[PDB]
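K.L.:
Quick one: structure below, then a few questions.
The numbers here are math on the coordinates, done by the rules we state, and not lab data. Here the Cβ is made from the backbone with ideal geometry for all residues, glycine too, and neighbour counts use every protein chain on show.
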Amino acid sequence: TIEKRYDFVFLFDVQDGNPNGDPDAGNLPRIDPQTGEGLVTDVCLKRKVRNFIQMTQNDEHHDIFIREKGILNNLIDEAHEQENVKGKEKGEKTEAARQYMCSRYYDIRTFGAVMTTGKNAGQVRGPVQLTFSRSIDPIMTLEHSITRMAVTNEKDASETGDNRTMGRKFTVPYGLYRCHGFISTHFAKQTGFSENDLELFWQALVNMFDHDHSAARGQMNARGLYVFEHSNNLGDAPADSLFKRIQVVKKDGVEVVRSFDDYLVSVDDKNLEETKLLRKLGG
Amino acid sequence: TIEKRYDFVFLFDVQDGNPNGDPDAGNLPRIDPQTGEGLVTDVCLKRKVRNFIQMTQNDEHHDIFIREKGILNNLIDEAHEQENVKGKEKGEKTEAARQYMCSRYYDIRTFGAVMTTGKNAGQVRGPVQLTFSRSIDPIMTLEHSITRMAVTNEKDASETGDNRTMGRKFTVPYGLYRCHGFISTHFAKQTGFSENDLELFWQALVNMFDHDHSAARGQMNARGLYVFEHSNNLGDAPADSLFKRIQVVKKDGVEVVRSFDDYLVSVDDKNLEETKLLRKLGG
Amino acid sequence: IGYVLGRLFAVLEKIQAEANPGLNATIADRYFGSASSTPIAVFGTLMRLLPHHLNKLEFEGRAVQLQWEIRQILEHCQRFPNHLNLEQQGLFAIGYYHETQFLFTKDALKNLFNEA
Amino acid sequence: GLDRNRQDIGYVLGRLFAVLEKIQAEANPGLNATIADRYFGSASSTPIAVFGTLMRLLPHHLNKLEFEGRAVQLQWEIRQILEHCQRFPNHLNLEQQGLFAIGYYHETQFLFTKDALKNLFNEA
Amino acid sequence: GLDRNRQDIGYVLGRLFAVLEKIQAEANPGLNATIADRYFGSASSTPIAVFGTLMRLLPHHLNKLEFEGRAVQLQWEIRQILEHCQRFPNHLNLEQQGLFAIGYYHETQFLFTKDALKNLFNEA
Amino acid sequence: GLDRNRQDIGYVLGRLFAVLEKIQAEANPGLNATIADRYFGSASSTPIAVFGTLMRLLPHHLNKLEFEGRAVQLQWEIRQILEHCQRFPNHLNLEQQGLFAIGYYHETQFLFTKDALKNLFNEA
RNA sequence: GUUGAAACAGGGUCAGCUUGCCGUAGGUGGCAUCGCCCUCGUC
DNA sequence: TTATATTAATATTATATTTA
């Protein structure tokens, strides 16, 4: 497990694409409406970190609690087919199952997982908690209407031969989403989330967009990962008094941004060294 | 499947024509609003690739999800008439159909396909992921009003002494669109997108504009295809730090661009030689 | 500002379901979760789908009628709100069902249109 | 239900697009793809994209208007709208995103309310 | 709703085209194809194309103006506009693309507001 | 709004034509067809065509100027303009095409701004 | 001043734990600004 | 479950700055 508590600011941008479509809103990117600023669910970045770990690790102790044919109760019931089939006395059977699901699944060891579901595998909080990613500036979701020269089931096929299903491609012409995240040590103790799993997570945060590309994402990058590693298991400083050190603003004279070169990411590591490290992992 | 993660800057210009008709929400060349920079949807270039492969391969294992007569669920329910007729147990039946139409459709191997439509046949992540091609400099769309010596409909307004239907031919006087694209080996594992499929894709990006010509789009060319072949399945370096290598600017004193000779495509392969191969395929 | 946007969503989805009879993702199934609770997130984009849906209505007069009533609906709307209070997402739902059973009334839209 | 003096750039552009399509749909009422059907998607989001071309395209509709005074009627309210539009915004704000649709349908109502434009013009 | 000192080349050219068509439409009010109907499409996009020819064409409209002082009225505001136009831009920027239509209708309003030009001229 | 040192041959010729017509319209203010009305069309496009004849025609206007010092006033700025005109271009470039109209109306403003020419002359 | 009195809802308890909106799709295909018009009549 | 056909549509404004 980790013995420091981390608070990271993960600035990641989208250049021409849908960082996180709101299923509630067609697929147009999640947006803080009353401020227009974009949003990328914590589960979205946790997903791309999951995809990254499923991509790179390819080994047990770093599984992902996983992709489509991922009936989660199947994995959970795999936990109950272990050393704790009977020997763990239903009360703490779920706790031994938690320890397992944490051992095997880096998803569970790192983020949590609601695995109370099948042969109940407990309820892991997850040391790593990304927040929602609110873009620094209002994403100007472009909603590029596109075309397809093909249709789907011959019920929407044209009354003439000209099949087409134009459809819509929402893109953020640029948004520098800013995801605050918290590696909580107290729950790293619960899941066994180690500094190895944490370095995996930092690699995952930096490289989670180089690999999770879509026609939807267009181009997303990890514009910076400033990790505040506290000395204590506790917090040396309040988390937001740290996150205000990573002040990301649109630069001097940009009406609204179109690239990371339109944002100044001023990092204020001036006095945090009270007892505490700031490591600029990503930027 | 491919084993090296390609990230390519695909610069393509339009000498005088409508690069990507336009938003369909409008039809003047797809622009980025703020910058006025033209956009060409990733799906537009993907269609140029699709048309190139469709004309070139004319082959099984390279079909396309074709043009007008392109009811996609026809081609998907065709996938449920193979070795996986039904014996593939709906869970993995969709995966077997997905593998079948990866193998069969170069389209799907190369670019994904939302095949979860007919007899649901999985979704393909599309190893090759072009992004929205955005022109280096604001495309100065000319919007040439043209005429027709012939009215289309025998409407009320097909009047006595002349049948004319003025109409408008939007055209980019010149614009060097830049298409960052990403070829992910992890998602080429899921389609069988092969090194030969990828050589076909490069041949497509280079030669696909010489074949998809039109009155609307005018003359449009592949001005550069600078691929970065990462040494490994993962990212040898963050994609954008590689796309910054292919820095495209207007030349010294050209206020406005008229041709590729108005664009310094500065390319520095200085330190990518670490483990990247800058394969300048297209220029 | 919640009820009239519920009506707006009802007419929008009626127009879509009138344009595409068999839809797999009506703008309900696709935009409702955020048109009910977050109208600027959606109704700024539902109503770009709207001209196309009206275009696709096989009876262009029906398109005119439905566009007329969405004009009437939206005349009560001065701005899509950033977020709909819990009070009004109930209105949105009530407004949605009110307007959608108004549209699926015998001649209600044809009548209301004809008295203008 | 039309704030003719709203000054909300989304709302004034929606009004402007409503009158633009009113003119197009009075220029030739039998029209396959009105500018709602072909331009609205970006007029609501990228007003600079179309609204330039929408007004290449506007004087020709004003010509095609059969009732030559009706052209003055509609052009006058285009000007009334455009007093409130100091610039076609590059990208319509999200508030303004929705207010464009608001404006389209508010001004479309104002145009299809019987005497409103012909009246309101005569008080100018 | 007219920023007479906007300096936005699109907006000043729109104003200039508005007064140019005002003169043409006061030169001969009965006019099949005003310069809006024949020139606006490029005046809004390619000001060098027309605006040269628009001012071959302008002194002749100023002559055809029945009220010889009205010609001075309108020529004066052409000059007022053209102080803000250091050059007819080759291609109007997209911002300027839209601002040309803005200028056309802003200045057209300013011309069709009753006393505005005759007043504003008399403060010069 | 006048770049007296622009050196853009279209702009300096526009300025030159503006002062030429200023002199003609001060020579005899009651004038049916000023050189704008008869020469501008080519002065803006074919400066060699007219601008030769415009200056056959110029000293006679300077004579007809009632205020004999006003003739010096205007001739001086003709010379100020023509320092920037190394040659009347055969055909005005298209950029220069538009800049001629720019110059006409810039210099026309400069002449019809009250004290400008009489002042600016007195700093020479 | 002989006649319903007195009277607690208390004390307190994270709704949590977490979950890609997705995979992706040409705006197309194309359309003459045209047909034509003394700068004149003359000093 | 139902329902499923076109509203509105006729002119704003319009008279000279500068000139030692």
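K.L.:
Let's test the formula: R0 of 25 Å, r as the Cβ-Cβ distance of B:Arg148 and B:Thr56. What FRET efficiency results, to the nearest 0.05? Don't jump to the answer; show the numbers that get you there.
P.N.:
Details: r = 33 Å, r/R0 = 1.33.
It comes out at approximately 0.15.
K.L.:
Here's a follow-up. Just tell me how shielded B:121-131 is by partners: mean number of partner chain Cβ atoms within 10 Å of each residue's Cβ, no decimals.
P.N.:
Details: counts 0, 2, 1, 0, 5, 3, 1, 1, 9, 4, 11.
Per residue, the number of nearby Cβ atoms from other chains is 3 on average.
K.L.:
How many angstrom separate the Cα center of region B:38-93 from the Cα center of region D:57-110?
P.N.:
Centre-to-centre (Cα) distance: 43 Å.
K.L.:
Another question, if that's okay. Dividing the convex hull volume of the alpha carbon atoms of region A:166-237 by its residue count, what do you get in Å³ per residue? All intermediate terms of the calculation are to be shown ahead of the outcome.
P.N.:
On the way: hull volume 8.9 nm³, N = 72.
Enclosed volume per residue, from the Cα hull, is 124 Å³.
K.L.:
Report, for E:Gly69, each distance to the same residue's label point in the other copies, shortest first and in nm; define the point 7 Å along Cα→Cβ.
P.N.:
From this label point to the equivalent ones elsewhere in the assembly: 2.9, 3.0 nm.
K.L.:
Specify, for chain A, the residue whose C-beta is closest to the rotation axis mapping it onto chain B, with the distance given in whole Å.
P.N.:
Here the value is A:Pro33, 10.
K.L.:
How many angstrom separate the Cα center of region A:94-153 from the Cα center of region E:16-50?
P.N.:
A separation of 60 Å, based on Cα centres.
K.L.:
Skipping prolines and chain starts, which residues have an amide H placed within reach, meaning under 5 Å, of the one on B:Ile136, given they are 5 or more residues away or on another chain?
P.N.:
Long-range HN contacts for B:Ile136: B:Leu176, B:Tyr177, B:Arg178.
K.L.:
Hey, any idea what the orientation-averaged projected area of the convex hull of the protein assembly as shown's Cα atoms comes to, in nm²? It would help to have the intermediate numbers written out before the result.
P.N.:
Numbers: hull surface 195.0 nm².
Orientation-averaged projected area of the Cα hull: 48.7 nm².
K.L.:
On average, how many beta carbons from a partner chain sit within 10 Å of the beta carbon of a residue in E:44-52?
P.N.:
Values: counts 8, 10, 6, 1, 7, 3, 1, 4, 14.
Whole-number average of other-chain Cβ neighbours for E:44-52 is 6.
K.L.:
Using the Cα centre of the protein assembly as shown as origin and beta-carbon charges of +1 (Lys, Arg) and -1 (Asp, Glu), tell me which of A:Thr110, B:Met101, E:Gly103 is placed farthest towards the positive end of the dipole.
P.N.:
The Cα lying farthest towards the positive end belongs to E:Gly103.
K.L.:
Right, another one. Arrange A:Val206, D:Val72 by Cβ neighbour counts within 10 Å, fewest through most, would you? If you can, show how the numbers build up before the last one.
P.N.:
Numbers: A:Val206 21, D:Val72 14.
Exposure proxy ranking, most exposed first: D:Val72, A:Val206.
K.L.:
Right, something else. Let me have the relative contact order for chain B, percent, based on Cα pairs under 8 Å that are six or more residues apart. Don't skip to the end; give the middle numbers.
P.N.:
Values: 639 pairs, mean separation 86.3, N = 283.
Here the relative contact order equals 30 percent.
K.L.:
Hey, fewest Cβ within 10 Å first, where do D:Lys118, A:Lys270, F:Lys22, B:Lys280 land in order?
P.N.:
On the way: D:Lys118 11, A:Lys270 8, F:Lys22 24, B:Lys280 15.
Ascending number of Cβ neighbours within 10 Å: A:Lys270, D:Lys118, B:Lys280, F:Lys22.
K.L.:
Over region A:69-201, one equal point on each Cα, no solvent: what is log10 I(q)/I(0) by the Debye formula at q = 0.10, 0.13 Å⁻¹?
P.N.:
Here log10 of I(q) over I(0) equals -0.58, -0.73.
K.L.:
How many percent of Cα pairs in region B:138-283 exceed 28 Å?
P.N.:
Details: 4353 of 10585 pairs.
The calculated P(r) of region B:138-283 puts 41 percent of pairs beyond 28 Å.
K.L.:
Next question. If you filter region A:66-98 for trypsin sites (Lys or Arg not before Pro), then keep DSSP loop positions with at most 15 other Cβ within 10 Å, what is left?
P.N.:
Values: sites: A:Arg67, A:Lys69, A:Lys86, A:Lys88, A:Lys90, A:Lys93, A:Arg98; in loops: A:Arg67, A:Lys69, A:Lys86, A:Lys88.
The qualifying sites are A:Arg67, A:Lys69, A:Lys86.
K.L.:
I want to verify the translational diffusion coefficient of chain F in µm²/s; compute it with Stokes-Einstein, Rh as the Kirkwood radius over Cα pairs, at 4 °C and 1.567 mPa s. Write out the running numbers ahead of the final one.
P.N.:
On the way: Rh = 14.1 Å.
Estimated diffusion coefficient is 92 µm²/s.
K.L.:
Here's a follow-up. Rounded to two decimals, what is Rg over Rh for region C:2-69 when you use alpha-carbon atoms and the Kirkwood radius?
P.N.:
Numbers: Rg = 11.2 Å, Rh = 11.8 Å.
So for region C:2-69, dividing Rg by the Kirkwood Rh gives 0.95.
K.L.:
Along Cα→Cβ at 7 Å, what distances in nm separate the A:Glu3 label point from those on the other copies, shortest first?
P.N.:
Label point to label point, same position, other copies: 4.2 nm.
K.L.:
Considering the Cα trace of region C:21-114, what is its radius of gyration and what is Dmax, both in angstroms?
P.N.:
Just the Cα atoms of region C:21-114 yield Rg and Dmax of 13.6, 37 Å.
K.L.:
Over region B:199-283, what is the relative contact order in percent, taking alpha-carbon pairs closer than 8 angstrom and at least six residues apart?
P.N.:
Values: 96 pairs, mean separation 32.2, N = 85.
After rounding, I find 38 percent.
K.L.:
How far is A:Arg125 from itself in the other copies, in nm, if each label sits 7 Å out from Cα along the Cα-Cβ line, shortest first?
P.N.:
Ordered by distance, the counterparts are at 3.1 nm.
K.L.:
Another one. With an 8 Å Cα cut-off and a minimum separation of 6 or more residues, compute the relative contact order for region A:11-153 in percent.
P.N.:
On the way: 199 pairs, mean separation 37.7, N = 143.
Across region A:11-153, relative contact order equals 26 percent.
K.L.:
I've got another one for you. Since chains E and D are linked by a rotation, which residue in E has the beta carbon closest to its axis, and how far is it in Å?
P.N.:
Residue of E nearest the axis onto D, distance in Å: E:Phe88, 0.
K.L.:
If you average 1/r across every pair of different Cα atoms in region D:1-64 and take the reciprocal, what Kirkwood value do you get, in Å?
P.N.:
Working: mean 1/r = 0.0832 Å⁻¹.
Over region D:1-64, the inverse of the mean reciprocal pair distance is 12.0 Å.
K.L.:
Using packing as a proxy for protection, rank D:51-62, A:163-174, F:24-35 so that the peptide with the highest average count of other Cβ atoms within 10 Å comes first.
P.N.:
Listed from highest to lowest mean packing, they are D:51-62, A:163-174, F:24-35.
K.L.:
Also, quick follow-up: Gaussian network model of chain A, Cα springs within a sub-10 Å range: biggest mean-square fluctuation belongs to which of A:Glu255, A:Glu273, A:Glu154?
P.N.:
The residue that fluctuates most here is A:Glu154.
K.L.:
Let me ask you something else. Based solely on its DSSP helices, what 222 nm [θ] is calculated for chain D when runs of n ≥ 4 H residues each add -39,500 (n - 2.57) and the sum is averaged over all residues, nearest 500 deg cm²/dmol? Before the final figure, lay out each step's value.
P.N.:
Values: 8 runs with 85 residues, N = 124.
When only DSSP H runs of four or more count, the value is -20500 deg cm²/dmol.
K.L.:
Which of these, A:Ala79, A:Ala121, A:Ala215, has the largest mean-square fluctuation under a Gaussian network model of chain A (Cα springs below 10 Å)?
P.N.:
Fluctuation is largest for A:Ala215.
K.L.:
Over all alpha-carbon pairs in region A:10-98, figure out the percentage whose distance exceeds 21 Å. Don't skip to the answer; put the middle values down first.
P.N.:
Working: 2064 of 3916 pairs.
Value for region A:10-98 (Cα pairs over 21 Å): 53 percent.
K.L.:
Next question, about the same structure. Does chain A classify as rounded, prolate or oblate by the C-alpha gyration tensor (a ≥ b ≥ c root eigenvalues; a/c under 1.5 gives rounded; else a/b over b/c gives prolate, otherwise oblate)?
P.N.:
Values: a/c = 2.65, a/b = 1.16, b/c = 2.29.
Judged from the Cα gyration tensor, chain A comes out oblate (a/c at least 1.5, b/c at or above a/b).
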